[PDB]
């Protein structure tokens, strides 16, 4: 054990926590992502996610931030279902709601009236194939006012999503119901593929973590297959390479590091986690953040298979006329990425 690397982990994590606490707005929300001149900036979703990421820290001032985040979420009580959504102006969705419920658990509010209502609302999103859909069709159609989408299918946006199902399966009340859907959707390579996210490491880590949390020995082979895939994704330099970031994605690497924590005996896995930690420490910016790489894609509403859509473009790079469908957006404030990385480092440090 190299005590300088443990102390650098402490310093890295503290710098990121300071960045994230200072990056809150007037009322205390974490904000990220932007649909310009349209749905605008994420808050309820980003806050639920960041707060859940930071729940792994022992710090009293972080717990106070999470208590405040929950109070902000409780004041967002305008939707009749009790759901949370991307931000105030959006309808509820199952992903935001599932992350908000993980934050509720961290602050002792899982059995609150609001949490019970929101958990009930998740049940509406259960599909006949055993997974969870992001949106209710009537709700998201009521929000969208784009003429060339008025008459299209919304079965892409309103079908079962593996990324959302994996997150909801972090809740003990849903883990058993979502199990068979999570098992049947694993690829022959050992990973899972999400709907909204470009980086499969996110869905793979979350799904493997839900299977691990259920404690069924029948799921252990699937978990180990996912770990093996993670080991192949992480190159020797300690990062996950992508087409967009061929020298390493901070977001994809952080989620791959979380996935590799699911095997604590294999020496090659332990070495790969060490390499990922070293690369993430090298990549941190002076202000404590990491470079944005949390790529969210917007399929067409009818598209059930966005991993089979070859046309993705980065919204911010499109010259001339453009639309959100078929584009990728990112976390312009680096809050979503930074919270992800800091969580992975806190979880990985004791297994150094």
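Numbering follows the first chain given and starts at 1.
*Per the PDB record, is the mean Cα temperature factor higher over 305 to 313 or over 321 to 329?*
Averaged over C-alpha atoms, the B-factors run higher in 321 to 329.
*Out of 217 to 225 and 261 to 269, which stretch has the higher average CA B-factor listed in the record?*
Per the PDB record, 261 to 269.
*Out of 31, 284, 52, 37, which residue has the highest Cα temperature factor in the PDB record?*
Among 31, 284, 52, 37, the PDB entry lists the largest C-alpha B-factor for 37.
*Between 198, 117, 95, 249, where does the Cα B-factor run highest in the record?*
If I rank 198, 117, 95, 249 by C-alpha B-factor, first place goes to 198.
*Would the CA B-factor of residue 69 place it in the lowest, middle or highest third of its chain?*
Within its chain, residue 69 is a lowest-third residue by C-alpha B-factor, going by the deposited values.
*Quick one: classify residue 230 as lowest, middle or highest third of the chain based on its Cα B-factor.*
Answer is lowest: the recorded C-alpha B-factor places it there.
*Chain-relative CA temperature factor third for residue 161*: For residue 161, whose C-alpha B-factor we compare with every modelled residue in the chain, the answer is the lowest third.
_Relative C-alpha B-factor of residue 255, binned into the chain's lowest, middle or highest third_ = Lowest third.
*Compare the C-alpha B factor of residue 288 with those of the other modelled residues in its chain, then answer lowest, middle or highest third.*
CA B-factor rank for residue 288: middle third.
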